[PDB]
Amino acid sequence: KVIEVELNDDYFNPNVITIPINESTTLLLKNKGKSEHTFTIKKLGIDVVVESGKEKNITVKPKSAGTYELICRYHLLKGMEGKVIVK
């Protein structure tokens, strides 16, 4: 199965994603903003760079239930974040 995530300036859409445990989910990442962004989920070992007007897909097979922080690395105080729930 495929879940699409839009990266834009400066947010993730959806900002809460839910992915099945112990199955490969393909995340289709589309950077529709004008800036460079990252798709980074530290506790799931995910850290992808996506250029403006480009797309990448990654496939993830999480093993543990939980709620994990999604961030873009290119911010400090004005953060760009979301949540990935493994379910």
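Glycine also receives a Cβ, built like all others from the backbone with ideal geometry; neighbour counts cover every protein chain displayed. Values quoted throughout were computed directly from the atomic coordinates according to the rules given, and no laboratory measurement underlies them.
Sort all Cα-Cα distances of the chain into consecutive 10 angstrom bins from zero, then give the percent of pairs in each bin up to the one containing the longest distance. Using 10 Å bins, I get a P(r) of 19, 56, 22, 2 for the chain.
When +1 charges are put on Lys and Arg Cβ atoms and -1 charges on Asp and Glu Cβ atoms, the dipole computed for the chain relative to its Cα centre reaches about 240 debye. Of the residues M80, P62, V49, the one whose Cα sits farthest towards the positive end of the charge dipole of the chain is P62 (charges of +1 on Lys and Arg Cβ, -1 on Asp and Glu Cβ, taken about the Cα centre).
For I19, nonlocal amide neighbours, meaning residues 5 or more places apart or on other chains whose placed amide H falls under 5 Å from its own, are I85, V86, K87. When DSSP beta bridges are restricted to pairs lying wholly in the chain, around 70% turn out antiparallel. Using a simple spin-label model with pseudo-atoms 7 Å out from Cα toward Cβ, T18 and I3 lie 0.9 nm apart. Each residue of the stretch 27-42 was assigned a 3J(HN,Hα) from its phi angle through the Karplus expression (A = 6.51, B = -1.76, C = 1.60, θ = phi - 60°), giving 9, 9, 9, 10, 8, 8, x, 9, 9, 5, 9, 10, 10, 10, 10, 4 Hz with x at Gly and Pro. For the chain, modelled as a GNM whose springs connect Cα atoms under 10 angstrom apart, the maximal fluctuation among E36, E55, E23 occurs at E23.
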